[PDB]
Structure formats: structure tokens, C-alpha cells
$ cat final.pdb   # PDB, N, CA and C atoms
MODEL        1
ATOM      1  N   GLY A   1      -0.128  15.873   1.847
ATOM      2  CA  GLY A   1      -0.217  14.449   1.583
ATOM      3  C   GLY A   1       1.091  13.707   1.794
ATOM      4  N   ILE A   2       1.035  12.373   1.723
ATOM      5  CA  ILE A   2       2.208  11.588   2.085
ATOM      6  C   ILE A   2       3.345  11.770   1.085
ATOM      7  N   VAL A   3       3.037  11.992  -0.197
ATOM      8  CA  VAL A   3       4.096  12.097  -1.205
ATOM      9  C   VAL A   3       4.853  13.410  -1.050
ATOM     10  N   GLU A   4       4.127  14.496  -0.772
ATOM     11  CA  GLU A   4       4.780  15.758  -0.446
ATOM     12  C   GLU A   4       5.629  15.629   0.812
ATOM     13  N   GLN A   5       5.121  14.936   1.830
ATOM     14  CA  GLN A   5       5.807  14.892   3.113
ATOM     15  C   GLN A   5       6.899  13.825   3.185
ATOM     16  N   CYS A   6       6.829  12.771   2.368
ATOM     17  CA  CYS A   6       7.767  11.662   2.489
ATOM     18  C   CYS A   6       8.578  11.375   1.242
ATOM     19  N   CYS A   7       8.143  11.840   0.073
ATOM     20  CA  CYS A   7       8.918  11.746  -1.160
ATOM     21  C   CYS A   7       9.596  13.067  -1.502
ATOM     22  N   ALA A   8       8.811  14.135  -1.628
ATOM     23  CA  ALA A   8       9.360  15.444  -1.964
ATOM     24  C   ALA A   8      10.162  16.051  -0.818
ATOM     25  N   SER A   9       9.928  15.615   0.422
ATOM     26  CA  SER A   9      10.768  15.969   1.560
ATOM     27  C   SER A   9      10.969  14.725   2.426
ATOM     28  N   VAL A  10      11.781  14.858   3.479
ATOM     29  CA  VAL A  10      12.249  13.677   4.197
ATOM     30  C   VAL A  10      11.137  13.131   5.071
ATOM     31  N   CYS A  11      10.889  11.835   4.946
ATOM     32  CA  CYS A  11       9.854  11.149   5.695
ATOM     33  C   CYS A  11      10.230  11.048   7.179
ATOM     34  N   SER A  12       9.253  10.668   7.997
ATOM     35  CA  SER A  12       9.479  10.357   9.403
ATOM     36  C   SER A  12       8.521   9.249   9.827
ATOM     37  N   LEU A  13       8.872   8.562  10.920
ATOM     38  CA  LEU A  13       7.988   7.520  11.431
ATOM     39  C   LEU A  13       6.653   8.103  11.877
ATOM     40  N   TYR A  14       6.649   9.327  12.416
ATOM     41  CA  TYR A  14       5.381   9.958  12.775
ATOM     42  C   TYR A  14       4.474  10.094  11.558
ATOM     43  N   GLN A  15       5.045  10.547  10.438
ATOM     44  CA  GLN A  15       4.247  10.719   9.229
ATOM     45  C   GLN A  15       3.722   9.383   8.730
ATOM     46  N   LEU A  16       4.583   8.369   8.694
ATOM     47  CA  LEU A  16       4.165   7.091   8.120
ATOM     48  C   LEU A  16       3.048   6.478   8.941
ATOM     49  N   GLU A  17       3.123   6.606  10.271
ATOM     50  CA  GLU A  17       2.140   5.945  11.112
ATOM     51  C   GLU A  17       0.792   6.630  11.041
ATOM     52  N   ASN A  18       0.768   7.904  10.656
ATOM     53  CA  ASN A  18      -0.493   8.574  10.399
ATOM     54  C   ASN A  18      -1.305   7.867   9.323
ATOM     55  N   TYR A  19      -0.675   7.051   8.473
ATOM     56  CA  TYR A  19      -1.401   6.396   7.389
ATOM     57  C   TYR A  19      -1.639   4.909   7.631
ATOM     58  N   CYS A  20      -1.262   4.387   8.793
ATOM     59  CA  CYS A  20      -1.673   3.047   9.189
ATOM     60  C   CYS A  20      -3.145   3.054   9.587
ATOM     61  N   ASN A  21      -3.800   1.906   9.430
ATOM     62  CA  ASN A  21      -5.220   1.812   9.779
ATOM     63  C   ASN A  21      -5.393   1.566  11.266
TER      64      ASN A  21
ATOM     65  N   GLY B   1     -11.794 -10.374   2.944
ATOM     66  CA  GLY B   1     -10.724  -9.402   2.814
ATOM     67  C   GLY B   1      -9.754  -9.710   1.687
ATOM     68  N   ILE B   2      -8.842  -8.772   1.415
ATOM     69  CA  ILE B   2      -7.993  -8.919   0.240
ATOM     70  C   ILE B   2      -7.013 -10.078   0.389
ATOM     71  N   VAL B   3      -6.552 -10.370   1.610
ATOM     72  CA  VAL B   3      -5.551 -11.426   1.790
ATOM     73  C   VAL B   3      -6.179 -12.799   1.583
ATOM     74  N   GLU B   4      -7.401 -12.986   2.087
ATOM     75  CA  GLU B   4      -8.141 -14.208   1.797
ATOM     76  C   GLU B   4      -8.404 -14.349   0.304
ATOM     77  N   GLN B   5      -8.765 -13.255  -0.365
ATOM     78  CA  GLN B   5      -9.173 -13.339  -1.760
ATOM     79  C   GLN B   5      -8.002 -13.316  -2.742
ATOM     80  N   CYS B   6      -6.849 -12.762  -2.359
ATOM     81  CA  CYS B   6      -5.748 -12.593  -3.300
ATOM     82  C   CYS B   6      -4.457 -13.276  -2.898
ATOM     83  N   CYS B   7      -4.283 -13.620  -1.624
ATOM     84  CA  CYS B   7      -3.146 -14.409  -1.159
ATOM     85  C   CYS B   7      -3.524 -15.868  -0.938
ATOM     86  N   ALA B   8      -4.525 -16.112  -0.094
ATOM     87  CA  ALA B   8      -4.957 -17.475   0.194
ATOM     88  C   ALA B   8      -5.670 -18.123  -0.987
ATOM     89  N   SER B   9      -6.209 -17.331  -1.917
ATOM     90  CA  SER B   9      -6.730 -17.832  -3.183
ATOM     91  C   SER B   9      -6.310 -16.875  -4.299
ATOM     92  N   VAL B  10      -6.644 -17.227  -5.543
ATOM     93  CA  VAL B  10      -6.059 -16.533  -6.684
ATOM     94  C   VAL B  10      -6.710 -15.173  -6.850
ATOM     95  N   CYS B  11      -5.880 -14.146  -6.959
ATOM     96  CA  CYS B  11      -6.329 -12.775  -7.111
ATOM     97  C   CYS B  11      -6.958 -12.557  -8.494
ATOM     98  N   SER B  12      -7.625 -11.418  -8.651
ATOM     99  CA  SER B  12      -8.136 -10.976  -9.942
ATOM    100  C   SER B  12      -8.076  -9.454 -10.006
ATOM    101  N   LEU B  13      -8.094  -8.921 -11.232
ATOM    102  CA  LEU B  13      -8.097  -7.470 -11.387
ATOM    103  C   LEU B  13      -9.357  -6.855 -10.791
ATOM    104  N   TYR B  14     -10.496  -7.553 -10.870
ATOM    105  CA  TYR B  14     -11.707  -7.040 -10.233
ATOM    106  C   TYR B  14     -11.499  -6.853  -8.735
ATOM    107  N   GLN B  15     -10.888  -7.852  -8.089
ATOM    108  CA  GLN B  15     -10.660  -7.761  -6.652
ATOM    109  C   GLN B  15      -9.710  -6.621  -6.324
ATOM    110  N   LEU B  16      -8.616  -6.508  -7.073
ATOM    111  CA  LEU B  16      -7.613  -5.501  -6.735
ATOM    112  C   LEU B  16      -8.190  -4.106  -6.874
ATOM    113  N   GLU B  17      -9.019  -3.886  -7.901
ATOM    114  CA  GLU B  17      -9.515  -2.543  -8.148
ATOM    115  C   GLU B  17     -10.547  -2.130  -7.120
ATOM    116  N   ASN B  18     -11.189  -3.098  -6.468
ATOM    117  CA  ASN B  18     -12.062  -2.783  -5.353
ATOM    118  C   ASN B  18     -11.328  -2.040  -4.246
ATOM    119  N   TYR B  19      -9.996  -2.128  -4.184
ATOM    120  CA  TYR B  19      -9.253  -1.481  -3.107
ATOM    121  C   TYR B  19      -8.505  -0.230  -3.555
ATOM    122  N   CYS B  20      -8.662   0.191  -4.805
ATOM    123  CA  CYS B  20      -8.181   1.499  -5.229
ATOM    124  C   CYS B  20      -9.089   2.589  -4.670
ATOM    125  N   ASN B  21      -8.525   3.779  -4.477
ATOM    126  CA  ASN B  21      -9.312   4.891  -3.939
ATOM    127  C   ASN B  21     -10.096   5.579  -5.041
TER     128      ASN B  21
ATOM    129  N   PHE C   1      -0.376  -9.940 -14.586
ATOM    130  CA  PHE C   1       0.383 -10.261 -13.379
ATOM    131  C   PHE C   1      -0.529 -10.458 -12.177
ATOM    132  N   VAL C   2      -1.820 -10.123 -12.317
ATOM    133  CA  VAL C   2      -2.680 -10.101 -11.139
ATOM    134  C   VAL C   2      -3.403 -11.414 -10.893
ATOM    135  N   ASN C   3      -3.386 -12.337 -11.846
ATOM    136  CA  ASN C   3      -4.174 -13.559 -11.707
ATOM    137  C   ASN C   3      -3.323 -14.694 -11.134
ATOM    138  N   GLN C   4      -2.820 -14.451  -9.925
ATOM    139  CA  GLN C   4      -2.024 -15.429  -9.200
ATOM    140  C   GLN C   4      -2.234 -15.199  -7.710
ATOM    141  N   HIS C   5      -1.622 -16.061  -6.894
ATOM    142  CA  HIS C   5      -1.561 -15.828  -5.456
ATOM    143  C   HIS C   5      -0.609 -14.662  -5.190
ATOM    144  N   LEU C   6      -1.101 -13.621  -4.519
ATOM    145  CA  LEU C   6      -0.325 -12.424  -4.211
ATOM    146  C   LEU C   6      -0.340 -12.228  -2.703
ATOM    147  N   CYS C   7       0.796 -12.431  -2.056
ATOM    148  CA  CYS C   7       0.855 -12.333  -0.609
ATOM    149  C   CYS C   7       1.881 -11.290  -0.205
ATOM    150  N   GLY C   8       1.611 -10.631   0.920
ATOM    151  CA  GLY C   8       2.615  -9.779   1.544
ATOM    152  C   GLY C   8       2.990  -8.607   0.664
ATOM    153  N   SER C   9       4.302  -8.382   0.510
ATOM    154  CA  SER C   9       4.756  -7.221  -0.248
ATOM    155  C   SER C   9       4.404  -7.373  -1.724
ATOM    156  N   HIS C  10       4.296  -8.604  -2.220
ATOM    157  CA  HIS C  10       3.855  -8.784  -3.604
ATOM    158  C   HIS C  10       2.464  -8.201  -3.812
ATOM    159  N   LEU C  11       1.565  -8.396  -2.843
ATOM    160  CA  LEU C  11       0.204  -7.885  -2.997
ATOM    161  C   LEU C  11       0.164  -6.360  -2.948
ATOM    162  N   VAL C  12       0.946  -5.789  -2.027
ATOM    163  CA  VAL C  12       1.029  -4.307  -1.868
ATOM    164  C   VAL C  12       1.591  -3.711  -3.165
ATOM    165  N   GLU C  13       2.476  -4.452  -3.842
ATOM    166  CA  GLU C  13       3.074  -3.996  -5.092
ATOM    167  C   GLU C  13       2.086  -4.080  -6.246
ATOM    168  N   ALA C  14       1.298  -5.158  -6.292
ATOM    169  CA  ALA C  14       0.261  -5.268  -7.311
ATOM    170  C   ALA C  14      -0.754  -4.137  -7.170
ATOM    171  N   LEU C  15      -1.241  -3.898  -5.944
ATOM    172  CA  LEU C  15      -2.126  -2.758  -5.706
ATOM    173  C   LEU C  15      -1.486  -1.460  -6.185
ATOM    174  N   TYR C  16      -0.229  -1.231  -5.792
ATOM    175  CA  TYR C  16       0.505  -0.053  -6.244
ATOM    176  C   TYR C  16       0.465   0.091  -7.758
ATOM    177  N   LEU C  17       0.736  -0.996  -8.480
ATOM    178  CA  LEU C  17       0.837  -0.913  -9.938
ATOM    179  C   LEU C  17      -0.535  -0.797 -10.591
ATOM    180  N   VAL C  18      -1.526  -1.531 -10.084
ATOM    181  CA  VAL C  18      -2.860  -1.488 -10.673
ATOM    182  C   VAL C  18      -3.529  -0.146 -10.409
ATOM    183  N   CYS C  19      -3.500   0.317  -9.155
ATOM    184  CA  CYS C  19      -4.258   1.501  -8.781
ATOM    185  C   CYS C  19      -3.587   2.794  -9.234
ATOM    186  N   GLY C  20      -2.271   2.783  -9.404
ATOM    187  CA  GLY C  20      -1.599   3.942  -9.971
ATOM    188  C   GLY C  20      -1.806   5.196  -9.136
ATOM    189  N   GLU C  21      -2.184   6.291  -9.796
ATOM    190  CA  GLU C  21      -2.284   7.559  -9.081
ATOM    191  C   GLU C  21      -3.499   7.595  -8.157
ATOM    192  N   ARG C  22      -4.508   6.763  -8.423
ATOM    193  CA  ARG C  22      -5.657   6.630  -7.529
ATOM    194  C   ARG C  22      -5.249   6.297  -6.100
ATOM    195  N   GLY C  23      -4.109   5.627  -5.924
ATOM    196  CA  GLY C  23      -3.791   5.065  -4.619
ATOM    197  C   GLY C  23      -4.754   3.945  -4.232
ATOM    198  N   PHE C  24      -4.572   3.444  -3.015
ATOM    199  CA  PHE C  24      -5.294   2.252  -2.588
ATOM    200  C   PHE C  24      -5.282   2.190  -1.073
ATOM    201  N   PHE C  25      -6.104   1.301  -0.527
ATOM    202  CA  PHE C  25      -6.016   0.960   0.883
ATOM    203  C   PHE C  25      -5.762  -0.535   1.020
ATOM    204  N   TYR C  26      -4.909  -0.896   1.972
ATOM    205  CA  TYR C  26      -4.475  -2.274   2.183
ATOM    206  C   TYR C  26      -4.869  -2.669   3.598
ATOM    207  N   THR C  27      -5.831  -3.579   3.732
ATOM    208  CA  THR C  27      -6.333  -3.970   5.052
ATOM    209  C   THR C  27      -6.284  -5.482   5.188
ATOM    210  N   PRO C  28      -5.235  -6.028   5.805
ATOM    211  CA  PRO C  28      -5.069  -7.489   5.841
ATOM    212  C   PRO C  28      -5.888  -8.213   6.904
ATOM    213  N   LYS C  29      -6.077  -7.607   8.085
ATOM    214  CA  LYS C  29      -6.915  -8.223   9.117
ATOM    215  C   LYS C  29      -8.374  -8.241   8.699
ATOM    216  N   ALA C  30      -8.980  -7.063   8.580
ATOM    217  CA  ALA C  30     -10.345  -6.916   8.090
ATOM    218  C   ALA C  30     -10.400  -7.301   6.613
TER     219      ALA C  30
ATOM    220  N   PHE D   1      15.032   3.179   8.696
ATOM    221  CA  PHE D   1      14.888   3.217   7.242
ATOM    222  C   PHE D   1      13.901   4.290   6.803
ATOM    223  N   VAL D   2      13.170   4.887   7.755
ATOM    224  CA  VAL D   2      12.075   5.767   7.363
ATOM    225  C   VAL D   2      12.484   7.225   7.244
ATOM    226  N   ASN D   3      13.669   7.594   7.714
ATOM    227  CA  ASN D   3      14.049   9.004   7.739
ATOM    228  C   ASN D   3      14.863   9.371   6.497
ATOM    229  N   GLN D   4      14.222   9.191   5.343
ATOM    230  CA  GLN D   4      14.816   9.528   4.059
ATOM    231  C   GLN D   4      13.695   9.912   3.104
ATOM    232  N   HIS D   5      14.075  10.317   1.889
ATOM    233  CA  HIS D   5      13.105  10.503   0.816
ATOM    234  C   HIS D   5      12.601   9.131   0.370
ATOM    235  N   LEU D   6      11.285   8.923   0.426
ATOM    236  CA  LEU D   6      10.655   7.659   0.059
ATOM    237  C   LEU D   6       9.635   7.941  -1.032
ATOM    238  N   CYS D   7       9.910   7.493  -2.247
ATOM    239  CA  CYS D   7       9.025   7.776  -3.361
ATOM    240  C   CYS D   7       8.555   6.476  -3.989
ATOM    241  N   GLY D   8       7.332   6.506  -4.514
ATOM    242  CA  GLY D   8       6.852   5.413  -5.349
ATOM    243  C   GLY D   8       6.751   4.114  -4.579
ATOM    244  N   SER D   9       7.287   3.036  -5.168
ATOM    245  CA  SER D   9       7.158   1.725  -4.539
ATOM    246  C   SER D   9       7.963   1.669  -3.247
ATOM    247  N   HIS D  10       9.030   2.457  -3.135
ATOM    248  CA  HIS D  10       9.760   2.504  -1.867
ATOM    249  C   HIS D  10       8.856   2.979  -0.737
ATOM    250  N   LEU D  11       8.011   3.979  -1.006
ATOM    251  CA  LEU D  11       7.139   4.498   0.046
ATOM    252  C   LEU D  11       6.068   3.485   0.444
ATOM    253  N   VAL D  12       5.503   2.815  -0.565
ATOM    254  CA  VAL D  12       4.452   1.778  -0.335
ATOM    255  C   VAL D  12       5.067   0.640   0.489
ATOM    256  N   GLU D  13       6.363   0.374   0.289
ATOM    257  CA  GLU D  13       7.060  -0.679   1.019
ATOM    258  C   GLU D  13       7.342  -0.269   2.457
ATOM    259  N   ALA D  14       7.734   0.992   2.663
ATOM    260  CA  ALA D  14       7.931   1.489   4.019
ATOM    261  C   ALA D  14       6.628   1.428   4.810
ATOM    262  N   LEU D  15       5.528   1.921   4.221
ATOM    263  CA  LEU D  15       4.221   1.792   4.864
ATOM    264  C   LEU D  15       3.921   0.337   5.207
ATOM    265  N   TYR D  16       4.110  -0.559   4.232
ATOM    266  CA  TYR D  16       3.917  -1.987   4.467
ATOM    267  C   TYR D  16       4.688  -2.468   5.687
ATOM    268  N   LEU D  17       5.964  -2.094   5.788
ATOM    269  CA  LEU D  17       6.806  -2.612   6.866
ATOM    270  C   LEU D  17       6.486  -1.948   8.200
ATOM    271  N   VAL D  18       6.231  -0.640   8.193
ATOM    272  CA  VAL D  18       5.939   0.067   9.435
ATOM    273  C   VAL D  18       4.580  -0.339   9.987
ATOM    274  N   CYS D  19       3.548  -0.339   9.136
ATOM    275  CA  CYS D  19       2.189  -0.546   9.612
ATOM    276  C   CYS D  19       1.891  -2.012   9.915
ATOM    277  N   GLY D  20       2.597  -2.933   9.273
ATOM    278  CA  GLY D  20       2.458  -4.338   9.627
ATOM    279  C   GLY D  20       1.033  -4.840   9.447
ATOM    280  N   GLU D  21       0.512  -5.519  10.467
ATOM    281  CA  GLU D  21      -0.803  -6.135  10.322
ATOM    282  C   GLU D  21      -1.921  -5.095  10.336
ATOM    283  N   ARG D  22      -1.666  -3.915  10.904
ATOM    284  CA  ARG D  22      -2.623  -2.811  10.857
ATOM    285  C   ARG D  22      -3.049  -2.469   9.435
ATOM    286  N   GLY D  23      -2.183  -2.725   8.453
ATOM    287  CA  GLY D  23      -2.424  -2.198   7.117
ATOM    288  C   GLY D  23      -2.338  -0.673   7.082
ATOM    289  N   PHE D  24      -2.631  -0.122   5.909
ATOM    290  CA  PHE D  24      -2.408   1.301   5.684
ATOM    291  C   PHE D  24      -3.248   1.744   4.501
ATOM    292  N   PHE D  25      -3.344   3.057   4.324
ATOM    293  CA  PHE D  25      -3.900   3.614   3.102
ATOM    294  C   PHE D  25      -2.861   4.513   2.445
ATOM    295  N   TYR D  26      -2.787   4.446   1.121
ATOM    296  CA  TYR D  26      -1.788   5.162   0.334
ATOM    297  C   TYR D  26      -2.530   6.082  -0.624
ATOM    298  N   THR D  27      -2.435   7.392  -0.410
ATOM    299  CA  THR D  27      -3.173   8.355  -1.231
ATOM    300  C   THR D  27      -2.215   9.403  -1.772
ATOM    301  N   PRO D  28      -1.732   9.242  -3.005
ATOM    302  CA  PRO D  28      -0.697  10.149  -3.524
ATOM    303  C   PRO D  28      -1.205  11.485  -4.053
ATOM    304  N   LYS D  29      -2.389  11.512  -4.683
ATOM    305  CA  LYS D  29      -2.961  12.778  -5.148
ATOM    306  C   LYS D  29      -3.368  13.658  -3.980
ATOM    307  N   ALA D  30      -4.365  13.219  -3.217
ATOM    308  CA  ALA D  30      -4.799  13.902  -2.004
ATOM    309  C   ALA D  30      -3.702  13.806  -0.946
TER     310      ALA D  30
ENDMDL
END
$ encode --input "final.pdb" --output "C-alpha cells"
Amino acid sequence: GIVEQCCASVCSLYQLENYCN
Amino acid sequence: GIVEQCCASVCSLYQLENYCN
Amino acid sequence: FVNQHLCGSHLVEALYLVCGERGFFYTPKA
Amino acid sequence: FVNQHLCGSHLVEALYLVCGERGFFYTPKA
């Protein structure tokens, strides 16, 4: 999930854009 | 949509909770 | 705090605070 | 701004800024 991937470890633009509609 | 209902007019807790998962 | 005009990041923040651990979806066009 | 630890309202704000008019979904449990 996003919190594991972007809070508990370092986020990336690839990860964030996976959650855009 | 939420922007029409909560930005362009006054929001409510009923409206906001409609968009919780 | 929710019974006002909420636009932009203010609205995303209200959703964040209201929905809590449930999370939310934010769709401004649709 | 996205290549860091983003937690809580900071993460919801990054999504807001990156996704723009597309909007986004924020699911912290799942």
C-alpha cells in the first residue's frame, strides 16, 4: 500500500501516480 | 461531484463521508 | 469544520481528517 | 518533492499536487 511504500519507505513519482485516477 | 457540492457550495459531513472508502 | 466552502487542498485535508484510517477518494472533474 | 518519506497529511498533499485535476484515491489500510 501507499503508506508502506511512501511513508514507511521513500516515496517516488511512479508510486504516487499509481494512485491518481 | 465533491467540488460542486463542497467548494462551489457549502460542504456537509454527509457529503464528505460519501467519499470515504 | 466541515460546514463551510472547502476548496482545493482544504477539501483534501477535510477528507483526510473526516475519513481517517478509512481513507478516501478525491475526484474533482467527475 | 516526492522522493522522501511522506506520511499522513504530507502524503495526501503530495498526491493532491502530483495528480492535479485527475484526482486520486488514498487508501492507508489496504
$ residues_around --input "final.pdb" --residues "range 5-8 of chain D" --least-positions-apart "3" --cutoff "6 Å" --atoms "all atoms listed in the file" --output "list in words"
residues 6, 7, 9, 10 and 11 of chain A; 11 and 12 of chain D
$ resolve_selection --input "final.pdb" --expression "the PyMOL selection byres ((chain D and name CA) within 6 of (chain A and name CA))" --output "number ranges by chain"
D: 2-7, 19, 22-25, 28, 30
$ atom_distance --input "final.pdb" --atom1 "atom N of residue 21 in chain C" --atom2 "CA of residue 17 in chain D"
20.9 Å
$ atom_distance --input "final.pdb" --atom1 "atom C of residue 18 in chain C" --atom2 "atom C of residue 1 in chain C"
10.9 Å
$ atom_distance --input "final.pdb" --atom1 "atom C of residue 9 in chain C" --atom2 "atom N of residue 16 in chain D"
9.1 Å
